[PDB]
Each structure stands twice: as C-alpha cells, then as structure tokens.
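Each chain, letter by letter, is given below.
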Amino acid sequence: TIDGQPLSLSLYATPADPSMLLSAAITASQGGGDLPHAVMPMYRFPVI
Amino acid sequence: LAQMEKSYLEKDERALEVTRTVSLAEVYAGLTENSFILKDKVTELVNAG
C-alpha cells in the first residue's frame, strides 16, 4: 500500500497432525519339558 | 523332602535277609587263646564267684 502493508494476504500452511502411537507385544517360544529316564521302584502300583 | 523321598525310592532295593544262629560254646571252644568249655566255666564261676 502507501504505508508499505501488502495488499495480497499471506499463505497459511497447514500444521502437522498429531500421530497415533503404536505398541506391540512380541512373543517368545521356548522348548517344552522332555521326559527323563524312568527308574523302577520297589513298591506296588497303589503305593507308587 | 521330595528330593530325599525320590532318592530313597530310587535307591531302595529288597533285601538279603540272613539269619545266623551262633552258639557261644563253639566260639569259646574255638577261641585259639585261653579257650575253654562253657558248661564247666559257668559252674566254676558260679560256685566261685
């Protein structure tokens, strides 16, 4: 203008949106229990 | 307790049950050092206490 102020208005850039935070549960896989060696005892079946 | 119980069950075997009848007169006769007859030494030591 006569005073130095601009006629055409300014551009308003869009701000960035807040992102959505993500989490996860990674999982493991260990081996199972393997059977030991069997020993024969001295007692009968109802006692053992 | 379960450790000691499992060890007992794994290490327990049956038996070998031997009865040995021992006559002391035989041992006193086959003593090979101051051996004696039991039936005479008992009356000796009873009448002479």
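Residues numbered from 1 in each chain as written, not as in the entry; some residues may be left out. Chains lettered and ligands numbered in written order. Part of a larger assembly, values for the part shown. Heavy atoms only, no water.

**Points about the overall build of chain A**
From N to C terminus, chain A includes 0 helices and 0 strands. In terms of overall dimensions, chain A has a C-alpha envelope of 115 × 20 × 10 Å along the principal axes. Relative to its full complement of 48 residues, chain A shows a buried share of 2%. When the accessible surface of chain A is split by element, carbon and sulfur atoms take 62% of a total near 5,700 Å². (Helix = DSSP H or I, 4+ residues; strand = E, 2+ residues; numbered from the N terminus. Buried < 20%, exposed > 50% of the residue type's maximum accessible area, 1.4 Å probe, protein only. Areas by Shrake-Rupley, 256 points an atom, 1.4 Å probe, with all protein chains shown as cover.)

**Here we look at the overall build of chain B**
Across its full length, chain B carries 3 helices and 0 strands. Going from the N terminus to the C terminus, chain B shows its helices and strands as α-α-α. Taking the principal axes of its C-alpha atoms as reference, chain B extends roughly 60 × 20 × 20 Å. As displayed, chain B has an accessible area near 5,000 Å², and 55% of this comes from carbon and sulfur atoms. In chain B, 6 positive and 9 negative side-chain charges are present, and the distance between their average locations comes to 1 Å. (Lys, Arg positive; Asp, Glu negative; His and termini not counted. Charge placed at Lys NZ, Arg CZ, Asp CG, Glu CD.)

**Notes on the pattern of salt bridges**
All names here are of chain B. Evaluation of the coordinates by the stated rule reveals 2 salt bridges over all chains. Residue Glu10 pairs with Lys6 through a salt bridge whose shortest N-O separation is 3.6 Å. Residue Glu10 and its partner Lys6 are located together in helix 1 (residues 2–11), separated by 4 residues, close to a single helical turn. Note that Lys41 is salt-bridged to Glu44, the shortest N-O span being 2.8 Å. With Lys41 and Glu44 both in helix 3 (residues 38–47) and 3 residues apart, the pair spans about one turn of that helix. (Salt bridge = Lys/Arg side-chain N within 4 Å of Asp/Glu carboxyl O.)

**Structural notes on the interface of chain B and chain A**
Between chain B and chain A, the contact holds 6 residues from the first and 5 residues from the second. Around 450 Å² of area is buried between chain B and chain A when both sides are counted, 70% of it from carbon and sulfur atoms. For the chain B face of the interface with chain A, the top three residues by lost area are B:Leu9, B:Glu10 and B:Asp12, together amounting to 74%. In this assembly, chain B and chain A are joined by 0 salt bridges. On inspection of chain B and its partner chain A, the count reaches 0 residue pairs in polar contact. When the residues that make up the side of chain B that touches chain A are grouped by side-chain class, the tally is 2 nonpolar, no polar and 4 charged. (Contact = heavy atoms within 4.5 Å. Buried area = accessible area lost by both parts, 1.4 Å probe. Polar contact = N/O pair within 3.5 Å; in protein donor to acceptor, adjacent residues only side chain to side chain. Nonpolar A, V, L, I, M, F, W, Y, C, P; charged D, E, K, R; others polar.)

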